[PDB]
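So this first bit is one chain, no partners, the form deposited in one PDB entry, shown in structure tokens.
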């Protein structure tokens, strides 16, 4: 095909171990999630992959995944672009709550509504939320307008602010012939995959991208995939 695109979803984070909603909270990789990134990078190295530019979020679990991959493939010198638009979905007032606290506060009916819905956001992160200043007042978002900084996001919102970055900053690089690597999060990568494959809301909500595994797209000159997404790795890792 004319073009080749590689995605990688970061692995386990510190708060995954606590089954707490991270969202825009900047949780680091757990040691196991770091090892996952190292295995994904080794897969890219064994296949001889070369990139020309990298994109990631402003969250360290994705950035550290990217760093680990670049180290493994000896491409630490590549240009790297970070954007809040590739951030994980913003889970609003659920941020910092674990599974039990969420079910206790909201009930299983409401939690199922949020789980299955494309466009119903969770409650907003209010100024009295324990992570309100930690996230909403972080200087890394100082250049966002009022309408850009979310208090909460549905998946629709997340995809809606990821796709402008895809269209305006990544697509031109791909059509410039640059080999792109994107290291980001489940829901922002969902936005990209939905656009690439023309998936429905139903189909994108049942899509669970594997973590720490390079996801390879072969694209024609209009950035239409010519075959299903492929996973790189040894036989066992790919099967799972």
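Just so we're on the same page, rigid core means the largest C-alpha set that superposes within 1.5 Å between forms. Positions refer to the first chain, counted from 1.
Omitted here: the form deposited in another entry. The next part is about that form.
- Core superposition between this form and the one not shown leaves every listed residue (168, 108, 119, 143) with a C-alpha shift below 2 angstroms except 108.
- Put the two forms on the same core and the Cα of residue 18 is off by 2 Å or more between this form and the one not shown.
- The Cα shift for residue 74 between this form and the one not shown, taken after rigid core superposition, is smaller than 2 angstroms.
- Annotation: residue 15/residue 90 CA-CA distance longer in that other deposited form than in the displayed model, change of at least 3 Å.
- With a change of no less than 3 Å, the CA-CA distance between residue 86 and residue 15 is larger in that other deposited form than in the form shown.
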